[PDB]
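Content type PDB, N, CA and C atoms, from the file run-v6.pdb:
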ATOM      1  N   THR A 530     -28.244 -49.358  15.675
ATOM      2  CA  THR A 530     -27.624 -50.038  14.543
ATOM      3  C   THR A 530     -28.674 -50.645  13.626
ATOM      4  N   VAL A 531     -29.773 -51.139  14.196
ATOM      5  CA  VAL A 531     -30.844 -51.687  13.369
ATOM      6  C   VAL A 531     -31.463 -50.598  12.505
ATOM      7  N   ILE A 532     -31.727 -49.430  13.093
ATOM      8  CA  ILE A 532     -32.363 -48.338  12.363
ATOM      9  C   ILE A 532     -31.460 -47.713  11.312
ATOM     10  N   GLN A 533     -30.181 -47.505  11.622
ATOM     11  CA  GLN A 533     -29.339 -46.650  10.788
ATOM     12  C   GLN A 533     -29.360 -46.990   9.302
ATOM     13  N   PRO A 534     -29.206 -48.244   8.866
ATOM     14  CA  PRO A 534     -29.221 -48.497   7.418
ATOM     15  C   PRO A 534     -30.504 -48.062   6.740
ATOM     16  N   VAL A 535     -31.645 -48.240   7.398
ATOM     17  CA  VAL A 535     -32.937 -47.959   6.785
ATOM     18  C   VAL A 535     -33.031 -46.487   6.422
ATOM     19  N   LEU A 536     -32.728 -45.616   7.383
ATOM     20  CA  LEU A 536     -32.837 -44.184   7.140
ATOM     21  C   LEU A 536     -31.828 -43.725   6.101
ATOM     22  N   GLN A 537     -30.584 -44.174   6.235
ATOM     23  CA  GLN A 537     -29.519 -43.723   5.353
ATOM     24  C   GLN A 537     -29.775 -44.157   3.917
ATOM     25  N   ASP A 538     -30.186 -45.408   3.723
ATOM     26  CA  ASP A 538     -30.399 -45.934   2.380
ATOM     27  C   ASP A 538     -31.519 -45.195   1.663
ATOM     28  N   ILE A 539     -32.606 -44.904   2.373
ATOM     29  CA  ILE A 539     -33.696 -44.143   1.776
ATOM     30  C   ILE A 539     -33.229 -42.748   1.391
ATOM     31  N   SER A 540     -32.396 -42.132   2.230
ATOM     32  CA  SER A 540     -31.904 -40.795   1.925
ATOM     33  C   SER A 540     -31.146 -40.767   0.608
ATOM     34  N   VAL A 541     -30.293 -41.760   0.369
ATOM     35  CA  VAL A 541     -29.587 -41.843  -0.903
ATOM     36  C   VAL A 541     -30.571 -42.034  -2.046
ATOM     37  N   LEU A 542     -31.613 -42.835  -1.820
ATOM     38  CA  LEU A 542     -32.617 -43.058  -2.851
ATOM     39  C   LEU A 542     -33.283 -41.755  -3.260
ATOM     40  N   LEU A 543     -33.612 -40.915  -2.278
ATOM     41  CA  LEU A 543     -34.222 -39.627  -2.583
ATOM     42  C   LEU A 543     -33.284 -38.755  -3.399
ATOM     43  N   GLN A 544     -32.000 -38.747  -3.046
ATOM     44  CA  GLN A 544     -31.044 -37.909  -3.761
ATOM     45  C   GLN A 544     -30.938 -38.310  -5.223
ATOM     46  N   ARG A 545     -30.907 -39.607  -5.503
ATOM     47  CA  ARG A 545     -30.709 -40.096  -6.858
ATOM     48  C   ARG A 545     -32.018 -40.267  -7.615
ATOM     49  N   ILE A 546     -33.103 -39.685  -7.121
ATOM     50  CA  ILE A 546     -34.366 -39.653  -7.848
ATOM     51  C   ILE A 546     -34.926 -38.247  -7.987
ATOM     52  N   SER A 547     -34.548 -37.329  -7.128
ATOM     53  CA  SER A 547     -35.185 -36.025  -7.151
ATOM     54  C   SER A 547     -34.603 -35.170  -8.258
ATOM     55  N   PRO A 548     -35.430 -34.386  -8.954
ATOM     56  CA  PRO A 548     -34.894 -33.430  -9.927
ATOM     57  C   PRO A 548     -34.159 -32.269  -9.290
ATOM     58  N   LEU A 549     -34.305 -32.069  -7.986
ATOM     59  CA  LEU A 549     -33.667 -30.942  -7.330
ATOM     60  C   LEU A 549     -32.158 -31.131  -7.280
ATOM     61  N   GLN A 550     -31.431 -30.064  -7.579
ATOM     62  CA  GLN A 550     -29.984 -30.034  -7.463
ATOM     63  C   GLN A 550     -29.593 -28.961  -6.463
ATOM     64  N   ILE A 551     -28.655 -29.287  -5.585
ATOM     65  CA  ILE A 551     -28.193 -28.366  -4.559
ATOM     66  C   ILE A 551     -26.872 -27.784  -5.049
ATOM     67  N   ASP A 552     -26.871 -26.487  -5.340
ATOM     68  CA  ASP A 552     -25.696 -25.813  -5.868
ATOM     69  C   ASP A 552     -25.308 -24.699  -4.911
ATOM     70  N   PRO A 553     -24.321 -24.913  -4.040
ATOM     71  CA  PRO A 553     -24.002 -23.888  -3.035
ATOM     72  C   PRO A 553     -23.532 -22.575  -3.625
ATOM     73  N   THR A 554     -23.042 -22.578  -4.867
ATOM     74  CA  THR A 554     -22.504 -21.349  -5.438
ATOM     75  C   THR A 554     -23.564 -20.273  -5.601
ATOM     76  N   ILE A 555     -24.846 -20.643  -5.593
ATOM     77  CA  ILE A 555     -25.908 -19.644  -5.645
ATOM     78  C   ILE A 555     -25.771 -18.673  -4.482
ATOM     79  N   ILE A 556     -25.465 -19.197  -3.297
ATOM     80  CA  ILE A 556     -25.190 -18.331  -2.155
ATOM     81  C   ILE A 556     -23.917 -17.531  -2.393
ATOM     82  N   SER A 557     -22.883 -18.192  -2.911
ATOM     83  CA  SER A 557     -21.580 -17.551  -3.016
ATOM     84  C   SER A 557     -21.614 -16.351  -3.953
ATOM     85  N   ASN A 558     -22.111 -16.536  -5.176
ATOM     86  CA  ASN A 558     -22.012 -15.464  -6.159
ATOM     87  C   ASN A 558     -22.944 -14.314  -5.809
ATOM     88  N   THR A 559     -24.074 -14.615  -5.169
ATOM     89  CA  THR A 559     -25.013 -13.555  -4.837
ATOM     90  C   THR A 559     -24.513 -12.658  -3.715
ATOM     91  N   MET A 560     -23.424 -13.019  -3.041
ATOM     92  CA  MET A 560     -22.831 -12.090  -2.091
ATOM     93  C   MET A 560     -21.973 -11.081  -2.838
ATOM     94  N   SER A 561     -20.876 -11.554  -3.434
ATOM     95  CA  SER A 561     -20.025 -10.769  -4.337
ATOM     96  C   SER A 561     -19.828  -9.335  -3.848
ATOM     97  N   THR A 562     -19.761  -9.175  -2.530
ATOM     98  CA  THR A 562     -19.581  -7.873  -1.903
ATOM     99  C   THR A 562     -18.682  -8.046  -0.693
ATOM    100  N   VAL A 563     -17.911  -7.012  -0.374
ATOM    101  CA  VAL A 563     -16.940  -7.085   0.705
ATOM    102  C   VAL A 563     -16.667  -5.684   1.235
ATOM    103  N   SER A 564     -16.488  -5.600   2.548
ATOM    104  CA  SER A 564     -16.227  -4.325   3.194
ATOM    105  C   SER A 564     -14.782  -3.900   2.965
ATOM    106  N   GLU A 565     -14.517  -2.615   3.181
ATOM    107  CA  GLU A 565     -13.210  -2.061   2.853
ATOM    108  C   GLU A 565     -12.171  -2.404   3.915
ATOM    109  N   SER A 566     -10.902  -2.144   3.589
ATOM    110  CA  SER A 566      -9.739  -2.523   4.425
ATOM    111  C   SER A 566      -9.330  -1.745   5.689
ATOM    112  N   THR A 567      -9.406  -0.420   5.656
ATOM    113  CA  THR A 567      -9.022   0.420   6.794
ATOM    114  C   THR A 567      -9.861   0.132   8.041
ATOM    115  N   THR A 568     -11.150  -0.144   7.847
ATOM    116  CA  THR A 568     -12.066  -0.463   8.944
ATOM    117  C   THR A 568     -11.817  -1.859   9.514
ATOM    118  N   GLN A 569     -12.430  -2.137  10.657
ATOM    119  CA  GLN A 569     -12.239  -3.417  11.327
ATOM    120  C   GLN A 569     -12.608  -4.592  10.425
ATOM    121  N   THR A 570     -11.847  -5.669  10.579
ATOM    122  CA  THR A 570     -11.979  -6.857   9.747
ATOM    123  C   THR A 570     -13.361  -7.485   9.788
ATOM    124  N   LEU A 571     -14.008  -7.478  10.947
ATOM    125  CA  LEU A 571     -15.334  -8.070  11.025
ATOM    126  C   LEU A 571     -16.266  -7.329  10.072
ATOM    127  N   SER A 572     -17.040  -8.104   9.323
ATOM    128  CA  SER A 572     -17.989  -7.582   8.351
ATOM    129  C   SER A 572     -19.113  -8.595   8.293
ATOM    130  N   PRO A 573     -20.350  -8.136   8.058
ATOM    131  CA  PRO A 573     -21.398  -9.167   8.069
ATOM    132  C   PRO A 573     -21.373 -10.089   6.867
ATOM    133  N   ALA A 574     -21.064  -9.568   5.680
ATOM    134  CA  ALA A 574     -21.105 -10.402   4.485
ATOM    135  C   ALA A 574     -20.071 -11.519   4.552
ATOM    136  N   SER A 575     -18.861 -11.203   5.005
ATOM    137  CA  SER A 575     -17.834 -12.233   5.117
ATOM    138  C   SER A 575     -18.156 -13.210   6.235
ATOM    139  N   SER A 576     -18.745 -12.715   7.325
ATOM    140  CA  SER A 576     -18.981 -13.561   8.489
ATOM    141  C   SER A 576     -19.961 -14.682   8.182
ATOM    142  N   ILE A 577     -21.039 -14.378   7.459
ATOM    143  CA  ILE A 577     -22.057 -15.391   7.200
ATOM    144  C   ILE A 577     -21.503 -16.488   6.302
ATOM    145  N   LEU A 578     -20.659 -16.119   5.337
ATOM    146  CA  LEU A 578     -20.092 -17.120   4.441
ATOM    147  C   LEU A 578     -19.255 -18.132   5.206
ATOM    148  N   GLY A 579     -18.468 -17.664   6.172
ATOM    149  CA  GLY A 579     -17.701 -18.586   6.989
ATOM    150  C   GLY A 579     -18.587 -19.546   7.759
TER     151      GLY A 579
ATOM    152  N   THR B 530     -14.936  -2.180  -1.738
ATOM    153  CA  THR B 530     -13.659  -2.252  -2.442
ATOM    154  C   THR B 530     -13.741  -1.788  -3.888
ATOM    155  N   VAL B 531     -14.938  -1.475  -4.375
ATOM    156  CA  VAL B 531     -15.093  -0.892  -5.699
ATOM    157  C   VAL B 531     -15.319   0.613  -5.624
ATOM    158  N   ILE B 532     -15.954   1.096  -4.561
ATOM    159  CA  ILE B 532     -16.179   2.529  -4.425
ATOM    160  C   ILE B 532     -14.972   3.255  -3.842
ATOM    161  N   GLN B 533     -14.228   2.618  -2.942
ATOM    162  CA  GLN B 533     -13.052   3.268  -2.369
ATOM    163  C   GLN B 533     -12.025   3.655  -3.426
ATOM    164  N   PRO B 534     -11.662   2.801  -4.387
ATOM    165  CA  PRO B 534     -10.752   3.264  -5.446
ATOM    166  C   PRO B 534     -11.309   4.415  -6.256
ATOM    167  N   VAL B 535     -12.630   4.484  -6.424
ATOM    168  CA  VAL B 535     -13.218   5.620  -7.127
ATOM    169  C   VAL B 535     -12.949   6.908  -6.368
ATOM    170  N   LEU B 536     -13.210   6.914  -5.060
ATOM    171  CA  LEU B 536     -12.996   8.116  -4.264
ATOM    172  C   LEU B 536     -11.557   8.595  -4.371
ATOM    173  N   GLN B 537     -10.611   7.661  -4.453
ATOM    174  CA  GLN B 537      -9.216   8.037  -4.643
ATOM    175  C   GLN B 537      -9.024   8.776  -5.958
ATOM    176  N   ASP B 538      -9.735   8.351  -7.001
ATOM    177  CA  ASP B 538      -9.543   8.934  -8.325
ATOM    178  C   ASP B 538      -9.883  10.419  -8.331
ATOM    179  N   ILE B 539     -10.977  10.798  -7.669
ATOM    180  CA  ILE B 539     -11.295  12.218  -7.560
ATOM    181  C   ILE B 539     -10.224  12.945  -6.767
ATOM    182  N   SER B 540      -9.671  12.294  -5.745
ATOM    183  CA  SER B 540      -8.724  12.967  -4.865
ATOM    184  C   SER B 540      -7.519  13.486  -5.636
ATOM    185  N   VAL B 541      -6.940  12.656  -6.499
ATOM    186  CA  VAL B 541      -5.787  13.102  -7.274
ATOM    187  C   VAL B 541      -6.207  14.156  -8.288
ATOM    188  N   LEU B 542      -7.402  14.004  -8.860
ATOM    189  CA  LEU B 542      -7.888  14.971  -9.832
ATOM    190  C   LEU B 542      -8.078  16.337  -9.191
ATOM    191  N   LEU B 543      -8.626  16.357  -7.978
ATOM    192  CA  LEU B 543      -8.722  17.600  -7.222
ATOM    193  C   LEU B 543      -7.338  18.168  -6.945
ATOM    194  N   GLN B 544      -6.400  17.298  -6.574
ATOM    195  CA  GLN B 544      -5.053  17.741  -6.240
ATOM    196  C   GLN B 544      -4.384  18.428  -7.421
ATOM    197  N   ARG B 545      -4.663  17.961  -8.636
ATOM    198  CA  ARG B 545      -4.030  18.546  -9.809
ATOM    199  C   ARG B 545      -4.544  19.949 -10.094
ATOM    200  N   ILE B 546      -5.785  20.238  -9.721
ATOM    201  CA  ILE B 546      -6.448  21.457 -10.165
ATOM    202  C   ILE B 546      -6.485  22.488  -9.047
ATOM    203  N   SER B 547      -6.447  22.031  -7.807
ATOM    204  CA  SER B 547      -6.623  22.937  -6.682
ATOM    205  C   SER B 547      -5.394  23.816  -6.503
ATOM    206  N   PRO B 548      -5.561  25.128  -6.319
ATOM    207  CA  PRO B 548      -4.412  25.983  -6.011
ATOM    208  C   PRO B 548      -3.959  25.893  -4.569
ATOM    209  N   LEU B 549      -4.790  25.365  -3.678
ATOM    210  CA  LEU B 549      -4.415  25.262  -2.276
ATOM    211  C   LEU B 549      -3.300  24.246  -2.093
ATOM    212  N   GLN B 550      -2.340  24.587  -1.243
ATOM    213  CA  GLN B 550      -1.232  23.703  -0.922
ATOM    214  C   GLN B 550      -1.083  23.621   0.587
ATOM    215  N   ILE B 551      -0.972  22.404   1.101
ATOM    216  CA  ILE B 551      -0.824  22.181   2.533
ATOM    217  C   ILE B 551       0.653  22.260   2.883
ATOM    218  N   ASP B 552       0.999  23.171   3.791
ATOM    219  CA  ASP B 552       2.378  23.362   4.238
ATOM    220  C   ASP B 552       2.404  23.281   5.757
ATOM    221  N   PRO B 553       2.803  22.138   6.309
ATOM    222  CA  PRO B 553       2.751  21.967   7.768
ATOM    223  C   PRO B 553       3.686  22.883   8.533
ATOM    224  N   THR B 554       4.674  23.486   7.867
ATOM    225  CA  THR B 554       5.613  24.348   8.573
ATOM    226  C   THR B 554       4.939  25.570   9.174
ATOM    227  N   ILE B 555       3.725  25.893   8.732
ATOM    228  CA  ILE B 555       3.004  27.030   9.297
ATOM    229  C   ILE B 555       2.755  26.808  10.782
ATOM    230  N   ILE B 556       2.328  25.600  11.146
ATOM    231  CA  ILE B 556       2.052  25.299  12.547
ATOM    232  C   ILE B 556       3.324  25.397  13.374
ATOM    233  N   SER B 557       4.431  24.876  12.848
ATOM    234  CA  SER B 557       5.677  24.887  13.601
ATOM    235  C   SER B 557       6.143  26.307  13.884
ATOM    236  N   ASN B 558       6.050  27.189  12.890
ATOM    237  CA  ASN B 558       6.578  28.541  13.042
ATOM    238  C   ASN B 558       5.878  29.281  14.174
ATOM    239  N   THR B 559       4.546  29.250  14.187
ATOM    240  CA  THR B 559       3.820  29.975  15.221
ATOM    241  C   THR B 559       4.003  29.335  16.589
ATOM    242  N   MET B 560       4.104  28.008  16.648
ATOM    243  CA  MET B 560       4.310  27.343  17.927
ATOM    244  C   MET B 560       5.675  27.648  18.518
ATOM    245  N   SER B 561       6.649  28.012  17.691
ATOM    246  CA  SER B 561       7.999  28.258  18.166
ATOM    247  C   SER B 561       8.122  29.535  18.983
ATOM    248  N   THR B 562       7.092  30.377  19.005
ATOM    249  CA  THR B 562       7.169  31.667  19.677
ATOM    250  C   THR B 562       6.296  31.703  20.928
ATOM    251  N   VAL B 563       5.852  30.550  21.419
ATOM    252  CA  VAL B 563       5.016  30.528  22.611
ATOM    253  C   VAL B 563       5.899  30.653  23.844
ATOM    254  N   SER B 564       5.389  31.325  24.869
ATOM    255  CA  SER B 564       6.140  31.549  26.093
ATOM    256  C   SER B 564       5.796  30.489  27.127
ATOM    257  N   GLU B 565       6.823  29.856  27.685
ATOM    258  CA  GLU B 565       6.630  28.893  28.758
ATOM    259  C   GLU B 565       7.928  28.777  29.541
ATOM    260  N   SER B 566       7.805  28.307  30.775
ATOM    261  CA  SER B 566       8.942  28.126  31.661
ATOM    262  C   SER B 566       9.575  26.761  31.439
ATOM    263  N   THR B 567      10.894  26.703  31.601
ATOM    264  CA  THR B 567      11.625  25.461  31.406
ATOM    265  C   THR B 567      11.521  24.514  32.590
ATOM    266  N   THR B 568      11.059  24.991  33.738
ATOM    267  CA  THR B 568      10.962  24.151  34.923
ATOM    268  C   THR B 568       9.659  23.370  34.998
ATOM    269  N   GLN B 569       8.740  23.587  34.067
ATOM    270  CA  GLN B 569       7.486  22.854  34.075
ATOM    271  C   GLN B 569       7.689  21.437  33.557
ATOM    272  N   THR B 570       6.987  20.495  34.181
ATOM    273  CA  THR B 570       7.039  19.116  33.719
ATOM    274  C   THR B 570       6.346  18.955  32.374
ATOM    275  N   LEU B 571       5.243  19.662  32.165
ATOM    276  CA  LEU B 571       4.451  19.548  30.953
ATOM    277  C   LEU B 571       4.617  20.795  30.099
ATOM    278  N   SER B 572       4.586  20.601  28.784
ATOM    279  CA  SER B 572       4.718  21.698  27.827
ATOM    280  C   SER B 572       3.591  21.600  26.811
ATOM    281  N   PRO B 573       2.617  22.509  26.858
ATOM    282  CA  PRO B 573       1.500  22.432  25.904
ATOM    283  C   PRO B 573       1.938  22.474  24.451
ATOM    284  N   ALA B 574       2.937  23.298  24.128
ATOM    285  CA  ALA B 574       3.393  23.411  22.749
ATOM    286  C   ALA B 574       4.012  22.107  22.269
ATOM    287  N   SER B 575       4.831  21.488  23.110
ATOM    288  CA  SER B 575       5.472  20.235  22.742
ATOM    289  C   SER B 575       4.427  19.150  22.528
ATOM    290  N   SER B 576       3.408  19.126  23.384
ATOM    291  CA  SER B 576       2.370  18.109  23.307
ATOM    292  C   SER B 576       1.598  18.184  21.997
ATOM    293  N   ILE B 577       1.194  19.389  21.593
ATOM    294  CA  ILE B 577       0.368  19.525  20.395
ATOM    295  C   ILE B 577       1.139  19.100  19.155
ATOM    296  N   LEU B 578       2.431  19.422  19.094
ATOM    297  CA  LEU B 578       3.228  18.988  17.954
ATOM    298  C   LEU B 578       3.329  17.474  17.902
ATOM    299  N   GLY B 579       3.428  16.830  19.063
ATOM    300  CA  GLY B 579       3.464  15.378  19.088
ATOM    301  C   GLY B 579       2.190  14.741  18.572
TER     302      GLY B 579
END
Would you give me this structure, written as structure tokens?
Amino acid sequence: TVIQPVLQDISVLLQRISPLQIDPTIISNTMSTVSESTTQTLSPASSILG
Amino acid sequence: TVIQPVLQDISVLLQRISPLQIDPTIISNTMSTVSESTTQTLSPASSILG
């Protein structure tokens, strides 16, 4: 309990100072591929997204 | 899912131009003249049609 605020508060500080932005859609749109229907449902592209 | 609809498009185009016609009754006619005994448990002709 003594440690937890220190680590968490600094983490927020880093987020609200860094120019880096985390945009998950970069992963999403770059897949934009899907296996066909007659074959088994398991597919690697869909599996990783889940 | 983008290439499979394409393959379908050629299929109908081939169907329009091809003189070949599939008539399944050919198989039935020749199978109807096979000789076998009625006391057998298994019937090869019946099986293949199934």
Can you check the Cα RMSD once chain B has been least-squares fitted onto chain A over every paired atom, in order?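 Least-squares fit of chain B onto chain A, C-alpha RMSD 2.0 Å.
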According to DSSP computed on the backbone, where in chain A is there helix (DSSP H, G or I)? Give the residues as a list in words.
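After running DSSP on the backbone, chain A has helix (DSSP H, G or I) at residues 532, 533, 534, 535, 536, 537, 538, 539, 540, 541, 542, 543, 544, 554, 555, 556, 557, 558, 559, 560, 573, 574, 575, 576, 577 and 578 of chain A.
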Export, as a compact mmCIF listing (two decimals), in the coordinates of the input, the selected residues with N, CA and C atoms.
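What ended up in selection-v8.txt:
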# COMPACT_ATOMS: atom_id res chain seq x y z
N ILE A 532 -31.73 -49.43 13.09
CA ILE A 532 -32.36 -48.34 12.36
C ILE A 532 -31.46 -47.71 11.31
N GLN A 533 -30.18 -47.50 11.62
CA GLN A 533 -29.34 -46.65 10.79
C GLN A 533 -29.36 -46.99 9.30
N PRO A 534 -29.21 -48.24 8.87
CA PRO A 534 -29.22 -48.50 7.42
C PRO A 534 -30.50 -48.06 6.74
N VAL A 535 -31.64 -48.24 7.40
CA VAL A 535 -32.94 -47.96 6.78
C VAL A 535 -33.03 -46.49 6.42
N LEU A 536 -32.73 -45.62 7.38
CA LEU A 536 -32.84 -44.18 7.14
C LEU A 536 -31.83 -43.72 6.10
N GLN A 537 -30.58 -44.17 6.24
CA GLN A 537 -29.52 -43.72 5.35
C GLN A 537 -29.78 -44.16 3.92
N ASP A 538 -30.19 -45.41 3.72
CA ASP A 538 -30.40 -45.93 2.38
C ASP A 538 -31.52 -45.20 1.66
N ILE A 539 -32.61 -44.90 2.37
CA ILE A 539 -33.70 -44.14 1.78
C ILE A 539 -33.23 -42.75 1.39
N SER A 540 -32.40 -42.13 2.23
CA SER A 540 -31.90 -40.80 1.92
C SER A 540 -31.15 -40.77 0.61
N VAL A 541 -30.29 -41.76 0.37
CA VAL A 541 -29.59 -41.84 -0.90
C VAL A 541 -30.57 -42.03 -2.05
N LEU A 542 -31.61 -42.84 -1.82
CA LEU A 542 -32.62 -43.06 -2.85
C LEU A 542 -33.28 -41.76 -3.26
N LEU A 543 -33.61 -40.92 -2.28
CA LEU A 543 -34.22 -39.63 -2.58
C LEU A 543 -33.28 -38.76 -3.40
N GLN A 544 -32.00 -38.75 -3.05
CA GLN A 544 -31.04 -37.91 -3.76
C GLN A 544 -30.94 -38.31 -5.22
N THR A 554 -23.04 -22.58 -4.87
CA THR A 554 -22.50 -21.35 -5.44
C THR A 554 -23.56 -20.27 -5.60
N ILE A 555 -24.85 -20.64 -5.59
CA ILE A 555 -25.91 -19.64 -5.64
C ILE A 555 -25.77 -18.67 -4.48
N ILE A 556 -25.46 -19.20 -3.30
CA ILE A 556 -25.19 -18.33 -2.15
C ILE A 556 -23.92 -17.53 -2.39
N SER A 557 -22.88 -18.19 -2.91
CA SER A 557 -21.58 -17.55 -3.02
C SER A 557 -21.61 -16.35 -3.95
N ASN A 558 -22.11 -16.54 -5.18
CA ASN A 558 -22.01 -15.46 -6.16
C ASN A 558 -22.94 -14.31 -5.81
N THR A 559 -24.07 -14.62 -5.17
CA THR A 559 -25.01 -13.56 -4.84
C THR A 559 -24.51 -12.66 -3.72
N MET A 560 -23.42 -13.02 -3.04
CA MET A 560 -22.83 -12.09 -2.09
C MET A 560 -21.97 -11.08 -2.84
N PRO A 573 -20.35 -8.14 8.06
CA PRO A 573 -21.40 -9.17 8.07
C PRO A 573 -21.37 -10.09 6.87
N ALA A 574 -21.06 -9.57 5.68
CA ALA A 574 -21.10 -10.40 4.49
C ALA A 574 -20.07 -11.52 4.55
N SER A 575 -18.86 -11.20 5.00
CA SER A 575 -17.83 -12.23 5.12
C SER A 575 -18.16 -13.21 6.24
N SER A 576 -18.74 -12.72 7.32
CA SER A 576 -18.98 -13.56 8.49
C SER A 576 -19.96 -14.68 8.18
N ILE A 577 -21.04 -14.38 7.46
CA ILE A 577 -22.06 -15.39 7.20
C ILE A 577 -21.50 -16.49 6.30
N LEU A 578 -20.66 -16.12 5.34
CA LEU A 578 -20.09 -17.12 4.44
C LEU A 578 -19.26 -18.13 5.21
Edge lengths and centre in Å to one decimal, as AutoDock Vina command-line options, is what I'm after for the box along x, y and z that holds all listed atoms of segment 556-572 of chain B once 3 Å is added on each side.
--center_x 6.8 --center_y 25.3 --center_z 23.1 --size_x 15.6 --size_y 18.7 --size_z 29.9
Hits of the PyMOL selection byres ((chain A and name CA) within 9 of (chain B and name CA)) in this structure, as JSON, numbers by chain: {"A": [562, 563, 564, 565, 566]}
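For the atom pair formed by atom CA of residue 535 of chain B and atom CA of residue 571 of chain A, the distance is 22.8 Å, given to one decimal.
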Worksheet item: What is the atom C of residue 576 of chain B-atom CA of residue 552 of chain B distance in Å, reported with one decimal?
Response: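 Spanning atom C of residue 576 of chain B to atom CA of residue 552 of chain B is a straight-line distance of 18.5 Å.
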From atom CA of residue 574 of chain B to atom C of residue 559 of chain B the spacing works out at 8.6 Å
Take segment 533-545 of chain B, bring it up to N, CA, C and O atoms, and give me the output as a JSON list (two decimals), in the coordinates of the input.
[["chain", "number", "residue", "atom", "x", "y", "z"],
["B", 533, "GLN", "N", -14.23, 2.62, -2.94],
["B", 533, "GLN", "CA", -13.05, 3.27, -2.37],
["B", 533, "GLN", "C", -12.02, 3.66, -3.43],
["B", 533, "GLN", "O", -11.52, 4.79, -3.37],
["B", 534, "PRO", "N", -11.66, 2.80, -4.39],
["B", 534, "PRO", "CA", -10.75, 3.26, -5.45],
["B", 534, "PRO", "C", -11.31, 4.42, -6.26],
["B", 534, "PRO", "O", -10.54, 5.25, -6.74],
["B", 535, "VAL", "N", -12.63, 4.48, -6.42],
["B", 535, "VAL", "CA", -13.22, 5.62, -7.13],
["B", 535, "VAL", "C", -12.95, 6.91, -6.37],
["B", 535, "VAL", "O", -12.49, 7.90, -6.95],
["B", 536, "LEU", "N", -13.21, 6.91, -5.06],
["B", 536, "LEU", "CA", -13.00, 8.12, -4.26],
["B", 536, "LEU", "C", -11.56, 8.60, -4.37],
["B", 536, "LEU", "O", -11.29, 9.80, -4.38],
["B", 537, "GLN", "N", -10.61, 7.66, -4.45],
["B", 537, "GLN", "CA", -9.22, 8.04, -4.64],
["B", 537, "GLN", "C", -9.02, 8.78, -5.96],
["B", 537, "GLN", "O", -8.23, 9.72, -6.04],
["B", 538, "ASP", "N", -9.74, 8.35, -7.00],
["B", 538, "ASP", "CA", -9.54, 8.93, -8.32],
["B", 538, "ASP", "C", -9.88, 10.42, -8.33],
["B", 538, "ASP", "O", -9.18, 11.23, -8.94],
["B", 539, "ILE", "N", -10.98, 10.80, -7.67],
["B", 539, "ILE", "CA", -11.30, 12.22, -7.56],
["B", 539, "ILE", "C", -10.22, 12.94, -6.77],
["B", 539, "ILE", "O", -9.88, 14.09, -7.08],
["B", 540, "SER", "N", -9.67, 12.29, -5.74],
["B", 540, "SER", "CA", -8.72, 12.97, -4.86],
["B", 540, "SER", "C", -7.52, 13.49, -5.64],
["B", 540, "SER", "O", -7.11, 14.64, -5.46],
["B", 541, "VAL", "N", -6.94, 12.66, -6.50],
["B", 541, "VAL", "CA", -5.79, 13.10, -7.27],
["B", 541, "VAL", "C", -6.21, 14.16, -8.29],
["B", 541, "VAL", "O", -5.47, 15.11, -8.56],
["B", 542, "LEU", "N", -7.40, 14.00, -8.86],
["B", 542, "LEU", "CA", -7.89, 14.97, -9.83],
["B", 542, "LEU", "C", -8.08, 16.34, -9.19],
["B", 542, "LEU", "O", -7.74, 17.37, -9.78],
["B", 543, "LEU", "N", -8.63, 16.36, -7.98],
["B", 543, "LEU", "CA", -8.72, 17.60, -7.22],
["B", 543, "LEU", "C", -7.34, 18.17, -6.94],
["B", 543, "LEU", "O", -7.11, 19.38, -7.06],
["B", 544, "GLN", "N", -6.40, 17.30, -6.57],
["B", 544, "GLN", "CA", -5.05, 17.74, -6.24],
["B", 544, "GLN", "C", -4.38, 18.43, -7.42],
["B", 544, "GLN", "O", -3.62, 19.38, -7.24],
["B", 545, "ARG", "N", -4.66, 17.96, -8.64],
["B", 545, "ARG", "CA", -4.03, 18.55, -9.81],
["B", 545, "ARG", "C", -4.54, 19.95, -10.09],
["B", 545, "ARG", "O", -3.81, 20.78, -10.64]]
